[PDB]
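Scroll down for the structure; my scribbles are underneath it.
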Amino acid sequence: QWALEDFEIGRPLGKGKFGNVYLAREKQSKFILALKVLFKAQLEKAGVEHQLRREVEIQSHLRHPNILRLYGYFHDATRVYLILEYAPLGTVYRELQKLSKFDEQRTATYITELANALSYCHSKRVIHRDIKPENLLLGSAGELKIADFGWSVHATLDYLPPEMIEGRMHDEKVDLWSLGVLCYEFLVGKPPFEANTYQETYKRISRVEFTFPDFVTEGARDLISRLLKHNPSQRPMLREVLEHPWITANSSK
Ligand SMILES: CS(=O)(=O)NCc1cccc(-c2cn3c(Cl)cnc3c(Nc3ccc(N4CCOCC4)cc3)n2)c1
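Letter by letter, the sequence shown follows residues 127 to 281, 292 to 389 of UniProt numbering.
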């Protein structure tokens, strides 16, 4: 199907691990989209070959307003190319760097959009596992879109749960933890388990050792405390999250 000469390449949108993402336009269509360039060299050296196969396989088959479309793909000699939906308003990450904290209505809305997207993922038995602000994009209307199914599976420590950090076997429940960490970070402006070293953060995650600044409301504290439980079993379902007083009270969607 596609080849590189099918597109005009535009400005760099940002840098990734094995490659960078560019603005691009399909020549015939004048259709605007993001082009993710990966290097066969680096992805072999790190043997993530099998993961890319799952990202491409998984993201290509998902269809949801809050999940970033993968349209197709291709490759040449040196590189692999992902042809992605373009998200005009950037990452939630840069949004967070700019504003410092989010208000309770912006947070609740993102959490809602996120839950929906995740509630759908799980019904198709897909677990993301790598949910973080660099991996959340914004659509033309400012709607949240989950991107980059990198370590997603049909089955740096800041957003991972105790069970994963400690090697153990994990389920759809990892994502509700990540959701808890996100909810906290949106309101406070830094993740609950942040530290100067990986080693400290690890201990802090395993003991679920976090505290709230004074400005965080009882509603926020309750939802977050429910999501951030050491025991996967004790975490709410996506459905209960959507129904949380604090959420329904504050969310616009
Ligand atoms: C500070 S930052 O925003 O550059 N963060 C860096 C970074 C790292 C990895 C992947 C991306 C990335 C991936 N995308 C995919 Cl895939 C589809 N659309 C985008 C997409 N879109 C996008 C749209 C507009 C903007 N800006 C920059 C400053 O504010 C005005 C417009 C940036 C990224 N970005 C961005």
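Just so you know, even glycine gets a beta-carbon here, dropped at the ideal spot from N, CA and C.
Worksheet item: Which residues bound the beta strand (DSSP E) around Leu-159?
Response: 158-165
Discussion item. Just to confirm my understanding: we take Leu-210, look at its own chain, exclude 5 residues before and 5 after, and list those with CB closer than 8 Å. What are they?
Written reply: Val-147, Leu-159, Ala-160, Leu-161, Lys-162, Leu-194, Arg-195, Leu-196, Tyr-197 and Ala-273
Worksheet item: When the distance is taken between beta carbons, is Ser-361 closer than 9 Å to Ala-234?
Response: no
Worksheet item: Does the count of Cβ pairs from the stretch 212-220 and the stretch 259-266 closer than 8 Å reach three?
Response: yes
Item to complete: Please list, in chain order, all residues of the same chain as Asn-242 whose beta carbon is under 7 Å from its beta carbon, the five residues on each side excluded.
Response: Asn-192
Worksheet item: If we call anything under 9 Å between Cβ atoms a contact, is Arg-232 one with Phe-322?
Response: yes
Worksheet item: How many angstroms separate the CA atom of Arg-151 from the CA atom of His-306?
Response: 40 Å
Worksheet item: Could you give the distance in angstroms between the alpha-carbon of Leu-359 and the alpha-carbon of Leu-164?
Response: 38 Å
Worksheet item: Heavy atom of ligand 1 less than 8 Å from the Cβ of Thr-292, yes or no?
Response: no
Discussion item. Per the DSSP calculation, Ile-193 is bridged to which residue(s)?
Written reply: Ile-272
Worksheet item: On the three-pair Cβ rule with 8 Å, is the stretch 164-174 touching the stretch 132-145?
Response: yes
Item to complete: Verify the contact flag: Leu-244, CB atom, against every heavy atom of ligand 1, threshold strictly below 8 Å.
Response: no
Worksheet item: According to the Cβ coordinates, are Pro-297 and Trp-277 closer than 9 Å?
Response: no
Practice prompt. Between the Cα of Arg-343 and those of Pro-349, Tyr-199 and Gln-335, spot the shortest distance and give me the residue it belongs to.
Written response: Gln-335
Item to complete: Round the Cβ separation of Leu-363 and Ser-245 to the nearest angstrom and send it over; I've been treating them as touching at under 8 Å.
Response: Wrong, their Cβ atoms sit about 14 Å apart, outside the cutoff.
Item to complete: Please work out which residues of its chain come closer than 6 Å, Cβ to Cβ, to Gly-325, disregarding the five sequence neighbours upstream and downstream, and give them in chain order.
Response: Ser-226 and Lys-227
Worksheet item: For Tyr-320, which three-state DSSP category applies?
Response: helix
Practice prompt. Check the DSSP bridge columns for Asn-146 and list the partner residues they point to.
Written response: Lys-141
Practice prompt. Please say whether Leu-270 and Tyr-236 have beta carbons closer to each other than 9 Å?
Written response: yes
Discussion item. What does the Cβ neighbour count give for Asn-332, buried or exposed, with the cut at 16 atoms within 10 Å?
Written reply: exposed
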